[PDB]
Structure formats: C-alpha cells, structure tokens
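There's a structure below that I have some questions on.
Naming follows writing order (A, B and C), and every chain is counted from residue 1.
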Amino acid sequence: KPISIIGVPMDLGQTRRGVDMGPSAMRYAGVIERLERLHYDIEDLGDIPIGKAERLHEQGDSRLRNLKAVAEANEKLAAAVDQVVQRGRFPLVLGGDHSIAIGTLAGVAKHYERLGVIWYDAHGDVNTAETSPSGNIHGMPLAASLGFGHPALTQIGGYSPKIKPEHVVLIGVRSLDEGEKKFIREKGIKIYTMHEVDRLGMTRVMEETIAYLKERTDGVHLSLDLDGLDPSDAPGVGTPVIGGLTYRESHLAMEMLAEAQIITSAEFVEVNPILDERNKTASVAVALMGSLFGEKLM
Amino acid sequence: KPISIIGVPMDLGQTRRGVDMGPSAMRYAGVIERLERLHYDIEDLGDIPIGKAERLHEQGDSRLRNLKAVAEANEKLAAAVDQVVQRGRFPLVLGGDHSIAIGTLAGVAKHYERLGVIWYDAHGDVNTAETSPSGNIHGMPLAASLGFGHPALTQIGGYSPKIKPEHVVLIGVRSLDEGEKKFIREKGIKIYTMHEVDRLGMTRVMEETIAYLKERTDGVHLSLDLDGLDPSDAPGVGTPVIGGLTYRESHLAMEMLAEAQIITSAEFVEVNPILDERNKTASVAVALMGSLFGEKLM
Amino acid sequence: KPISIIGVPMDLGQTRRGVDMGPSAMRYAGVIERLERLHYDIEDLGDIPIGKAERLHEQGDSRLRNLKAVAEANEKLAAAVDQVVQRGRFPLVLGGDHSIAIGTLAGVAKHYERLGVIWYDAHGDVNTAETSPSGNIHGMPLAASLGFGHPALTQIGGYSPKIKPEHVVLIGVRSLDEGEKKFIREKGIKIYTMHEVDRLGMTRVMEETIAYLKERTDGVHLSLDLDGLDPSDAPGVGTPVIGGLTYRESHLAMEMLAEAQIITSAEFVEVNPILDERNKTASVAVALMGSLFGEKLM
C-alpha cells in the first residue's frame, strides 16, 4: 500500500522547544529514500500548519496548556489523515510531540470497526486535566482517544471514543503517574512495562501483543514514541526516562510487526533535534520505519 | 592440542589502511600470555610476508582490487597453515582483513572430509567480481572458499571448493548485498542474522549451530570477524555496522564452542589499531580467544 | 509439407566447446537457400535459449553433467517442436550436441501412435548415469527417449517413453560402451554397425530399415549425427570415430529415404565449426538435408 507522509511540527503538547523540528529532522535523516528503496510509492504531503499558542495568562486551563492551538492543529491533522486513508494510502505521521496522536487516531479510527493501538512509549499518556501533574497535553492523547478528557480533545473529528481500552497494548512503560496507574488498572489496558520486557523478553512480548490484537481488531495503529528507547539510544527526546528499550529490541519489534502485517497506520513522535547528538534520534526513527515497512537483513 | 600463531599483516583486501597492524595489536594485547595461562603449548610462527599491490590502473584488478598481491599472500598463508596442521597443531591465524580466510581455509580444508565453518560477522563475504559493489576482496572469501569467484582465488592450494554450503553457518549478519542475499538463499547457507539473534537469543543460536555442524562435519573452522560485534564494543574495524553482537554474547558463543569441543582451527580478523580506541578491539579479540580456548569464570 | 527450422545452440551435452555454433554454421552453409530451391515453404524460427550450466562441483551427480541446463533447454525445444507439428509443418532441428534429441522426440512423439526412429550415428547414445563412462548427456538421449534414465530427462514433455525399442533402427554404429551393447541386446533394438554396412552394403541396410519401420510405425524421425560419417568426410565433430560412413553412402541413404516418403521429422546434430576444416561438416549436413528433402541428380 502506498504511503503518505504528513509532518506535524508540534511542540505545544509540552514545554521543551525543538520537538517541532522532528519532521524535518527525520526527512533529513532520509525517510523518503529509505522507503523508496523498499519499492514504495511514498508521497510527502508536507506539514500541518500549527498556530502559536495563546500565552498562559489569558489562556484558560493550566491543567490543559495550549488547549486551543493543540486542539485546532489536531483538527487539521485529523482531516489530512482522513483523506489519506480515503485515498487508499497508509498514513505515516511524523511529529512533533505525542499530543498529535489525538489527530492521527481521529482520522484513522472512523475507518475501522475495531482499531487496535500499540503504544510504544516510556509513558502511558493516559492523564486528564484532573490527573495531569504538568498540564502538558502530550501526556493525555491516549486517554483522550479512549474518550477520557476535555471535550476539545475527545471530540476531534466529531466522534468518540476513537478506540476501546481492550484494543490497546502499551509497551516499554516505565514512568506512570498515580492517576495513570489507576486508569490503566481500571480501564483494563494491556501493558508491558520494562519489567515484563526484562522478564519475558521482547520476542514474547511482541508475540503476545500481535496475537492479542490480531484476534480482535480490524486495523492496528502504531504510535511510536522515541523516548520508549533508552536515552542512550534515543538521546533527543524532551522527557527521557532511563532503563529503556534498546536499538535492537526496537528493530526486532518493528521486524515482527512487519511480518505480522497488522500495522495499518503509524506515527513516530517526540524527536527533538535540539536535545539530540547529531540527529541520532531522527536516524533511529528512520531506521525503525524501514524495518516496520519490511526492510530485512537477509 | 598445541597452538601455532600465524600473523597475516594484510590490508589489500579492503581500503582502510592499518588493518595490517592487527596481528601485532593482538600480540601486544597479550595473546601469548593469555593462552599460556591455560597451559597450552603456544608457538608464534611470525607473519606471512605480504607484497605491496601494484597500481590499480597498471594491473587489471578493480572488481578485484589487488588480486595478485592478495592471491599470492594467501598462497603463502595456505602453505604455512597446511604445515601447522600436518605437524598436529591447531592453526590460529591473526589478521589482517577477511580476505585471508581464503588462505586459512585453503590450508585446513584438504585435511577434512567435511570441514564446517562458523562465520561470525556483520557481513556475508559471499560476493564475486560480478556482485561486489566495492571490488574489495575481503567481501569475497566465503564465496571463493565455496568455489565461487575468480580462479586466482578459488584455486588457492591447488584444489576447490574448500567447503560445501551446507556445512557453513553465518552468525551476526546485518549487512548483505543483494547479490549476496540471493547467493545465501540459493546456495542454501544456514544463517542467523541479528533478527534471529534478537528473536531466539545467542544461546539458542549457538545450540542450533553446534548441533547442526556437529551432526555433519569432521572439523569446524571458526572465522571470527571482529566487526560482528557492535562498533561500541569493537570500534577498531574498517567496515563497522551498528546494532551488532555484544561483548557478553561473543563470550558466551566462544564459551559454548569451547564446551562443544568442535573448533579445529580459527582466525580473528579485521582488527585495525588505527581506527580503534586504545587497542580496545585487539583486546576483545584476545579475551574472546581465551574463552574459545577454554578459559572459564569458575 | 512446409518446414520449420529450429536451432538449438547446445554444447552442455558434452565437453568440446563449439558445437553450439552448429546451427549458424549450417545456416551459413546455406540450408534455407538449398531448401527454397526445392520449392519448399521454409521458415526459420530462430534458436532455443540455452542457459549456462551451474558449477560442476555444485551439480547433483557427476554421471549427469549439466543436467539442469540440458533438461530445461530440452523442455523449451520440446514445446517449440510440438507447436510446429501442431501447425502442420515438418520440424527440422539443427544442433547442437545429440542431447537435444531428447527435446525433439518429446515434441514429436506425442503426435504419433507408433513413432519410428532412425539413429544415424557412430554411437548408440543409450547410456544411463549408471552405464555412462563420461557423464555426458549427449550419450543418453536414445535411452532416455526409450524411457530409461534420470526422470529429469525421461519426463520432458510430461510423458514417457517417447518411443518403443522395436521401432528403433541404428545405422553406422562403431563405438558402443559395454553397458550399451547389453542395453541394445536386451531391449532388442535393430542395429546395423559398420560390419553390416560393409557386409550388406548401404542399399540393403536402407531397404531393410525402410521396410522394417514402414511396416510398423505411423511416422519416422531421422536423428542424424554427423559423426556417423567418417572423420575424413565430416571432420568437425567432437567425438569422431574412424572407419565411418562415406559422403556417398550418406547421400544414398538420404536419397532412399526421400523416395520412401517415411521421414516425418529430423535433426542434424554434432556439427562443431571450431573442430572443422572450413565449414566442411556443416556443408555435408546441408547437402544431406537437400537429398532428404528430395533433391535429385537427374
């Protein structure tokens, strides 16, 4: 299936500037060339125009920083993504902080009876204005897409929820706020924290993950946050957490998903060139994209 | 069985100068002392005299750079190695780029009904003048040993092929040229790329490898290319490839081979002091040799 | 009946290179011109694409050299010949070593209830992998067509055998392997060695041959190997044998066949320009073809 790249230069979902440079950092890391080599009909639809956020002061919720700019950008993203899917193409969204997942899922989900989600991340991203300790919207996209949160975020695309909790699998988690641990526990979301990764091994985690979703979804969206990898492998992220997944574990995961042929959409987020070591993180993202799309060693 | 060390100061198999210093770097990294401690009768036969290759433009060799010099040095190596085996000693060859495998296997194979080969490397080294993208002979030793390539290389020692495809096991591969992928596929060579190492685990890979060769060979030659380890573990190599085997995985491999008692000859190649970090790579090689030769933690 | 020429530039059936130049040597010798003069609707379908054999050391059995390439080439030939017959034309096949008879007979035989065969040769070509003293497939086409040999050769065309031993007549034989003498003896194949040609005379041998086949077949294929003539008359052959048939004996034979009107298909093989004296052998072939197709002195 032909691919369509959409860049979302977003940084309003959090506070470290530079994550808005992720789309071009990955383009510069050679994402087009990489995918063209795999004989893909790759197309670059450019970037979603993001508006500058109103200053905190006259702005409404500190528990929902930059809500309007974030909500509007995601509206545009949802539309762009919706059209790509309608055109029969695979939407590959490049971020940008994780709050863009709200728009990506808003444009994809409407097209599936039961869309599953693989949330590759160090965080759960299931906070609300009530549970969020930062007010950073990049820490709320999964909950908002599950129908939990401010209507400005939950109603993107004119419908909700975008997905069901039983159709979500979290991988590489190692930093959850108390409210989030409770949310995960109660909504019954499937999750493999680093303990399970260390205990079971990435192979078993991926096998179980793929089998689980394949048995109850009709499309799977890969929401890959680069901070899911160890800061040593992916240094250029705004909210890094030590003791993460390795470069190899990430490739195996992508390779196993490629093989499974279950990934119907994807987004690579949180790449921040301004916090990286010579574009290393964008590079990792591009390599991981290659594996996801079927690149093989043999 | 007594060991005989033969240094092969070869760099004509590729383009990065310095890999000819590999033999002395490893000697300086303490190869003799290491092996003597395991109570071996270790002997150092010095180095094979390598002649400088004539100008590429003057002698015909571009898809086969330095063919004359590489072919003759390997002739000498073949003889030296043949004699060591005849004397009832184990030939431990220190390189030198990987093209020296052509001479080592040329002197060992004639002594075995079915010699097996474990090719520990990031590459397959199964290119021919036709498939080679570089013209570097260090990327052709395995194919040449299997009887595929220029006669100047396939006929070293007055016979061919030195080994059969079904008796070869590649491990750690993560960079194969298209022609090579096809070669491996068609010749039916057993291979464990990094995907299999990540998926199955080094223990499994080594168990399967040892059992496979043990069931159908009468001797096994270990051709260990230091670039099979990750560049962070083995930085001093001319053609590094990221996402490689770890220091520990390599020690386990060597430890399990020692245990199986199947390795009848070996060569440690691609050590280049001029691209290393304080002889780190020669050091890893020496350590790995200690394990191979039975060194144990307990 | 219109004629259709099909060149089969094959030399994989034996070891002397050059016999693949036979088709063009005969064309240059003027085969088209010769036949057009007899007012035939002659058509050249070009040549069958022949692949390059795989390395001898990687081949399955040394008693069946180049089996794959020889088997595949014969598959294409059988198809080409089959179609010619279907179009109501006479297939005239130009070789190429004698292994091509396997393809020719595979395309013709299916169209007859009882196809007879006249094998004009110094050899019997009835060897198998077991009885072959050379491993050369050009020494096995008759046996394989009789259904005896490797399935790769006996099953060309999807059926077997192509002919019955009682419908075969050998002429000019003077070099048979022991296994072959036994085969001919036991399968009860009719044969006129040079002893019979010297004792009875070519006229009697032909009279007897034509009457024998005419009484029990519905079509006769002429498999004329140029080495059936004496090396003085036909020097350009890879496996010459002295004391063969003369130029005149061969013309008489062709003249008596034309008269008999029994030949429904034919092939002229083993012409090798690289072992000839100024295209002398291709020239004899062409002349012989002229007589076969009715050319007369008066």
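We take it that a residue touches a chain if its C-beta (ideal position, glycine included) is under 8 Å from a C-beta of that chain, and two chains touch if they have at least 3 such contacts.
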| item | value |
| --- | --- |
| Arrangement of touching chains [line / ring / star / complete / other] | line |
| Centroid comparison with chain C (C-alpha atoms), farthest chain | A |
| Chain whose Cα mean lies nearest the overall Cα mean | B |
| Rounded Å distance between chain A and chain C, as computed from the means of their C-alpha atoms | 71 |
| Chain centre separation in whole Å, for chain B relative to chain A (CA means) | 43 |
| Distance from the mean Cα position of chain C to that of chain B, given in whole angstrom | 52 |
| Shared interface positions of chain C, touching two or more other chains | none |
| Touching residues (chain side chain A, partner chain B) in the complex | 201-203, 247-249, 251-252, 255-256, 296-298 |
| Chain B residues within the chain C interface of the complex | 147-148, 160-161, 165, 187 |
| Residues of chain C touching chain B in the complex | 55, 57-58 |
| Chain A-touching residues of chain B, taken from the complex the two chains share | 173-176, 181, 184-185, 191, 193-195, 198-201, 242-243 |
